[PDB]
Structure formats: C-alpha cells, structure tokens
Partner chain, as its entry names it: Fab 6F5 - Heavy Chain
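Next up is one chain by itself, shown in structure tokens, the form deposited without its partner chain.
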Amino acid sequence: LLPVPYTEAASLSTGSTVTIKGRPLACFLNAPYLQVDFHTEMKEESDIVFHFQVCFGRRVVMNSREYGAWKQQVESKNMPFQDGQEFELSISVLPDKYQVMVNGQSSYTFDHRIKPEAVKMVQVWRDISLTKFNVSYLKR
C-alpha cells in the first residue's frame, strides 16, 4: 500500500524506534535487496548516518556516508529473513548504537558514528513492498 521508494521526514533520539513491515518482491534465489537509509537532509544525495542493506538470502551490510563518502562497511551473514515471507523490521535507537530486530529477534547492531539527532529523513527502497512504516518515541 505504501509506495516504494518510500521517503518520510523523521527525527530520532535515544528511545526512538523505526518499524517497517514489508515483503521481498522476488524469491531469494533471485537475490532481491532491501535498503534503509537514515539521511541528514530530505535530499537523497545527502549524508547517511545509518545505511542498512539486505541482500536477501546472502548478507547484510551497514555503513555511513559522511561528507559525500562511504566509510568502513560492516558485513553480517546473519540472515533471519525467510524466503517468500513478510518481515517486520525494528530499528531502535539506544545511547550507543542502533539495534535491529527482525521478526522479534535481535539480529544486527551498529554503533553511532554521527549522532542520531542529525537524521532528518528515512528512505526505504529496493526490491520490497511495504505495508507499514512507523517512527515512535518512548522517552526514558
């Protein structure tokens, strides 16, 4: 129901959660992707404080793009996403890192390189359909 690429203005801080519900657009044999980027401005050319890219069935990479340039990639072969299935992805902002839950299971983390307060936009794109996108804030 939600158009992909999906772009939403957003603010993040400790206690924020970004929740995404979606489905890959192809079987895992054909290697669909999912990408979630937390941007510093509304323009898609802007810096990316948190880049999260799934190659379904193979691996996840995370990185940041700072003053136009990609930094050191983190790779994970953890693959909790299931072939042909809807997924629910939860990205929580903790004081020290993002925690990424997939279908309720802690699956990835990524230490902050730029403060989350620098985020102004979230983009969700590549080979998925989307049925839910929510940013929720629970102050500690």
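Residue numbers count along the first chain shown, from 1.
What comes next is about the form deposited with its partner chain bound, which is not displayed.
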item: In the bound PDB entry, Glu41 touching its partner chain (heavy atom, 4.5 Å); value: yes
item: Proximity of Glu88 to its partner chain in the bound PDB entry, heavy atoms at 4.5 Å; value: no
item: Residues in 81 to 114 close to its partner chain in the bound PDB entry, defined by a heavy atom within 4.5 Å, in order; value: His112, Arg113, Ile114
